[PDB]
Amino acid sequence: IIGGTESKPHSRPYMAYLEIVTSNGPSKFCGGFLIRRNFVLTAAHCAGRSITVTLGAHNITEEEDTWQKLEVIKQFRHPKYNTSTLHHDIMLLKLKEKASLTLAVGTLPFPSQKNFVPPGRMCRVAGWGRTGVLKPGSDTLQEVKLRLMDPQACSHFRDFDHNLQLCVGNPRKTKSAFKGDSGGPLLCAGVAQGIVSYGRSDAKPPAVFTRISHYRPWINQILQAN
Ligand SMILES: Cc1cccc2cccc(Cn3c(C(=O)O)cc4ccccc43)c12
Ligand SMILES: [Zn+2]
């Protein structure tokens with residue numbers, strides 16, 4: 001998160017910190033969010049050979065009783081995820097066991113309604129990602145308030161599509177999701193409407209988020225079958 005504030009500790013109890021293993025490089029990291037006691041939503045580009053989820057974290061360098069470190073038993077990457085266009089950048093992770101509900105850990109289920117969210121309003125995103133181009137991932141959970149933009153603001157992303165994705169962050173400010181915030185929720189009036197996907201390497205906003213409303217049928221189909 002660039003240009004944000006430190007979250008109040010444990011104030012976003014659905015937030016998940018993902019450690020991503022690959023066979024041919026060191027660990028990588030993403031965010032995500034708990035939508036059922038045994039399911040985390042994140043970005044498809046966060047897939048790996050194996051993943052471990054930490055729930056209940058604030059400072060990810062300091063072990064505490066709120067932590068739950070949980071094994072992922074299976075990854076459900078969207079079957080149409082495209083590494084060229086980056087369309088359909090969404091994935092569900094099934095946890096080996098259901099998480100414990102505490103003050104610091106809880107779900108964020110979708111409401112019944114799945115209305116298309118138009119441009120104009122302010123929403124908020126949280127993550128442990130980099131705080132600038134030359135800066136390392138934050139030890140503490142950070143968050144920032146960003147403007148939903150008209151889709152023409154994201155035209156320069158030549159594979160951007162308004163039906164599939166949200167355009168997020170006023171270009172006149174530095175405030176943005178960035179590298180390492182991958183997979184985190186964009187909440188608009190307390191409802192998850194987006195998932196951090198991608199942006200510019202130089203961190204100039206806006207960035208591109210997956211539009212959750214488009215994928216609600218797919219999300220439901222995985223949950224009901226598993
Ligand atoms: C999340 C994010 C936000 C803003 C700007 C970004 C600029 C570049 C990449 C990312 C995230 N990202 C990464 C990575 O290296 O972090 C690899 C990758 C592959 C497919 C899709 C997204 C991807 C950005
Ligand atoms: Zn604590």
Side-chain angles (χ1 to χ4, degrees), residues 1-4 6-13 15 17-20 22 25-33 41-48 54-69 77-78 80-91 100 102-106 125-144 146 149 153-154 156-161 164-171 173-186 194-210:
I1 302 288
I2 299 170
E6 186 176 347
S7 298
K8 180 185 195 286
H10 309 301
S11 62
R12 298 189 175 273
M15 289 295 304
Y17 182 85
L18 279 52
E19 181 170 11
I20 310 305
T22 49
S27 288
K28 296 182 309 303
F29 308 80
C30 285
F33 54 113
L41 192 54
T42 190
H45 74 260
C46 300
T54 300
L55 302 179
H58 179 66
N59 190 319
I60 199 57
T61 73
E62 287 175 3
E63 178 191 50
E64 45 169 333
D65 283 354
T66 58
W67 283 18
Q68 297 178 49
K69 299 181 69 182
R77 191 174 62 197
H78 197 287
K80 298 185 172 176
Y81 176 57
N82 184 306
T83 55
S84 294
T85 61
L86 306 177
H87 293 177
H88 315 121
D89 192 9
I90 190 174
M91 172 171 66
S100 297
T102 67
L103 183 56
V105 176
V125 61
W128 288 272
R130 302 185 179 263
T131 60
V133 168
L134 294 185
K135 297 188 172 291
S138 180
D139 293 345
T140 52
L141 182 66
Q142 303 274 308
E143 61 182 73
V144 68
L146 300 175
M149 306 295 297
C154 281
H156 56 291
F157 302 115
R158 305 305 304 179
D159 295 304
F160 174 87
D161 183 275
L164 301 184
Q165 296 158 323
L166 296 163
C167 186
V168 184
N170 180 355
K173 308 299 182 184
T174 64
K175 290 190 175 182
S176 192
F178 194 50
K179 290 179 179 188
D181 297 316
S182 297
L186 182 74
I195 306 173
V196 178
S197 181
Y198 72 96
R200 284 178 57 106
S201 283
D202 72 0
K204 296 178 183 188
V208 176
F209 288 59
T210 305

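Worth knowing before you read on, the calculation uses all heavy atoms, side chains too, and leaves out hydrogens, waters and symmetry mates. Read the numbers this way: they start at 1 and go in the same order the structure lists the ligands and their atoms. Sequence positions, counted from 1, serve as the residue numbers for this chain.
Counting only N and O atoms by type, the side chains of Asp89 and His45 include a donor and acceptor under 3.5 Å apart. Judged purely by distance below 3.5 Å, without hydrogens or angles, the side chains of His87 and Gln165 never pair a donor atom with an acceptor atom.
The aromatic ring centres of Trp128 and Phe29 sit 6.0 Å or more apart.
In this structure, the side chains of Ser176 and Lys204 stay at 4.5 Å or more apart for every pair of heavy atoms.
For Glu63, the CD atom sits in a loose shell: 12 or fewer heavy atoms of surrounding residues, nucleotides or ligands are nearer than 6.0 Å. Counting non-hydrogen atoms of neighbouring residues, nucleotides and ligands closer than 6.0 angstrom, the NZ atom of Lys175 reaches no more than 12 such neighbours.
Taking atom 14 (C) of ligand 1 as the reference point, the nearest protein heavy-atom neighbour is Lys179 CG, 4.2 Å. For atom 18 (C) of ligand 1, the closest non-hydrogen atom on the protein side is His45 CD2, 3.8 Å. Here the heavy atom of the protein found nearest to atom 11 (C) of ligand 1 is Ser182 OG, 3.6 Å. With hydrogens left out, the protein atom closest to atom 7 (C) of ligand 1 is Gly199 O, 3.3 Å, a heavy atom.
By the criterion of a heavy-atom distance under 4.0 Å, the side chain of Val196, and not its backbone, is placed next to ligand 1. With a 4.0 Å heavy-atom cut-off, ligand 1 is reached by no atom of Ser176.
Within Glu64, the N/O/S atom positioned nearest the Zn ion (ligand 2) carries the name OE1.
Among the atoms of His58, no N, O or S atom is found under 2.8 Å from the Zn ion (ligand 2).
Residue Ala177 has at least one heavy-atom neighbour below 4.0 Å for each of these atoms of ligand 1: 4 (C). Each of the following atoms of ligand 1 lies closer than 4.0 Å to a heavy atom of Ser197: 1 (C), 11 (C), 22 (C).
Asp139 places no side-chain N or O within donor-acceptor distance of the main-chain N or O of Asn59, the cut-off being under 3.5 Å.
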